[PDB]
Protein chains: 2
Amino acid sequence: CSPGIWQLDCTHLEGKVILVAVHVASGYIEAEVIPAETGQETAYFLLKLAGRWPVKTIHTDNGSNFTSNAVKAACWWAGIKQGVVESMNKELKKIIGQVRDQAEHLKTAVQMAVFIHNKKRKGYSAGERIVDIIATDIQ
Amino acid sequence: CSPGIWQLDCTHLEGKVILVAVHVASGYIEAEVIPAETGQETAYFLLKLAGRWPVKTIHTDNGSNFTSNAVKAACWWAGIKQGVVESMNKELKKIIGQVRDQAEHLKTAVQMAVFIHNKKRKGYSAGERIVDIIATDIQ
Ligand SMILES: Cc1nc2c(ccn2Cc2ccc(F)c(F)c2)c(-c2ccc3c(c2C)CCCO3)c1[C@H](OC(C)(C)C)C(=O)O
Ligand SMILES: Cc1nc2c(ccn2Cc2ccc(F)c(F)c2)c(-c2ccc3c(c2C)CCCO3)c1[C@H](OC(C)(C)C)C(=O)O
């Protein structure tokens, strides 16, 4: 897929919200545990994401997620416009379950699962693929 | 410099704490506004960082930052061992000052400054250099 496309969705676990961003072309994930599912939290997440990777386009399974003025302002400022994703989210949810008792806080288990997911060789890992896709696109 | 070396330090602004991670070889920055300067916050930041980039070694200007059991546990689990940095932190502090009135929250201004810093061409940007350094190291 195009190297600037990311998918963002929230999932719920233990009464908390996990914002999951998938780089569609590599399967690479960025995730954070947010206090609430709000436009301000999504906007802040998008600003962080766009400063770290070249974010061109964002996709989601819940269109209404992107209607706040806060989200529209983040996309405006950062210059963002509006199978794999289902699979990557499924893998992450499974990994969180597998490491959950190794940590007190869900947020810690989430970051351990992101780490495991991005480094797992499938033969390259999602972390290796994103860096290869973005470097070759710059070239 | 070696591609797995990162420098982590905290700086203070408006009574808040900004954790700044610099990828020494590229000048690329990752930053977060943390509620307090604690071992638990540093450990959590390191886990997130290590799941996104291949973190081999961490440097700091304040050695005591890395003594908590929480930090030692994050480095153990993620397999981490213990001019440019001064310049990158200086540039970020200047950029935050330059964009500060464009946002209500300091954390928003911080992420705008990270974005500006990583995308600025110096001729490649810090964001372009990190992806090139890591991709060629995998190759
Ligand atoms: C806190 C916050 N609110 C925002 C927005 C945007 C709309 N609103 C709603 C609103 C409503 C009434 C107002 F009087 C008012 F001033 C803003 C940004 C925001 C979001 C993204 C963003 C920018 C802004 C200002 C500036 C350029 C980079 O991208 C904010 C913002 O905070 C979050 C990122 C946490 C949402 C902020 O700190 O100002
Ligand atoms: C909350 C937290 N505390 C930690 C630690 C480690 C030591 N301590 C102190 C402590 C003291 C007394 C205990 F009875 C006790 F159980 C742990 C991790 C932590 C930090 C990093 C880390 C791991 C753990 C458990 C597991 C493998 C991946 O890396 C935590 C941890 O929370 C933060 C990351 C926010 C610090 C957690 O959720 O358990």
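Below, all heavy atoms of this structure are taken into account, side chains as well, without hydrogens, waters or symmetry copies. Every number for a ligand or one of its atoms is a count from 1 in the order of the listing. In what follows, every chain begins at residue 1, and chains take the letters A, B, ... in the order their sequences are listed.
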ask   = Hey, is atom 13 (C) of ligand 1 under 4.0 Å from any protein heavy atom?
value = no
request  = Can you sort out which atoms of ligand 1 are near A103(B), meaning under 4.0 Å from one of its heavy atoms?
outcome  = 38 (O), 39 (O)
task = Spell out, as yes or no, whether a donor-acceptor pair under 3.5 Å connects the side chain of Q7(B) to the backbone of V20(B).
result = no
query = Is it true that a side-chain atom of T60(B) and a backbone atom of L8(B) form a donor plus acceptor pair closer than 3.5 Å?
reply = yes
ask   = How about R52(B) and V114(A): do any of their side-chain heavy atoms sit closer than 4.5 Å?
value = yes
request  = Report the C-alpha separation of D132(A) and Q139(B) in whole Å, then their side-chain angles, then the decisive distance to 0.1 Å, and conclude whether the side-chain hydrogen bond (donor to acceptor under 3.5 Å, both in side chains) test is met.
outcome  = CA-CA 9 Å; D132(A) 177 48; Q139(B) 238 161 96; 4.7 Å; no
ask   = Quick one: does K107(B) get an N or O within less than 3.5 Å of an N or O on ligand 1?
value = no
ask   = Among protein heavy atoms, which sits nearest to atom 9 (C) of ligand 2, and what does the distance come to when rounded to 0.1 Å?
value = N69(B) CB, 4.7 Å
query = How about atom 21 (C) of ligand 2: does it have a protein heavy atom within less than 4.0 Å?
reply = yes
query = Are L46(B) and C75(B) close enough that some pair of their side-chain heavy atoms sits under 4.5 Å apart?
reply = yes
task = Report the nearest protein non-hydrogen atom to atom 19 (C) of ligand 2: residue, atom name, distance rounded to 0.1 Å.
result = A73(B) CB, 4.3 Å
ask   = Quick check: does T108(B) get an N/O under 3.5 Å from an N/O on ligand 1?
value = yes
key: Geometric N/O contact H105(A) with ligand 2, under 3.5 angstrom   = yes
Polar contact flag for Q40(A) and ligand 1 (N/O pairs, less than 3.5 Å) = no
task = Please check if a non-hydrogen protein atom sits closer than 4.0 Å to atom 30 (C) of ligand 1.
result = no
request  = Of all the heavy-atom pairs spanning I134(A) and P3(A), show the shortest one and how long it is.
outcome  = CD1-O, 3.5 Å
inquiry  = Starting from atom 39 (O) of ligand 2, what is the nearest protein heavy atom, named by residue and atom, and what distance separates them?
reply    = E104(A) N, 2.8 Å
request  = Give a yes or no on whether atom 26 (C) of ligand 2 lies under 4.0 Å from any heavy atom of the protein.
outcome  = yes
request  = Give me the ring orientation class for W53(B) and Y28(B): parallel if the planes are under 30° apart, tilted from 30 to 60°, perpendicular past 60°.
outcome  = perpendicular
inquiry  = Does the protein place a non-hydrogen atom closer than 4.0 angstrom to atom 1 (C) of ligand 2?
reply    = yes
ask   = ligand 1 versus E41(A), non-hydrogen atoms closer than 4.0 Å: side chain, backbone, both, neither?
value = neither
key: Backbone of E30(B) reached by a side-chain donor or acceptor of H23(B) within 3.5 Å   = no
query = So, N118(B) side chain and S125(B) main chain: donor-acceptor pair closer than 3.5 Å or not?
reply = no
inquiry  = Taking 4.0 angstrom as the limit and counting only heavy atoms of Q102(A), give me the atoms of ligand 2 inside it, by number and element.
reply    = 25 (C), 26 (C)
ask   = Do side-chain atoms of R129(B) reach the backbone of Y124(B) as a donor and acceptor pair under 3.5 angstrom?
value = yes
task = Give a yes or no on whether atom 16 (F) of ligand 1 lies under 4.0 Å from any heavy atom of the protein.
result = no
key: Flag side-chain contact, heavy atom, 4.5 Å: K48(A) against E32(A)   = yes
key: Heavy atom of protein inside 4.0 Å of atom 35 (C) of ligand 1, strictly below   = yes
Option of least heavy-atom distance to atom 7 (C) of ligand 2 (set: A74(B), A70(B), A78(B)) = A70(B)
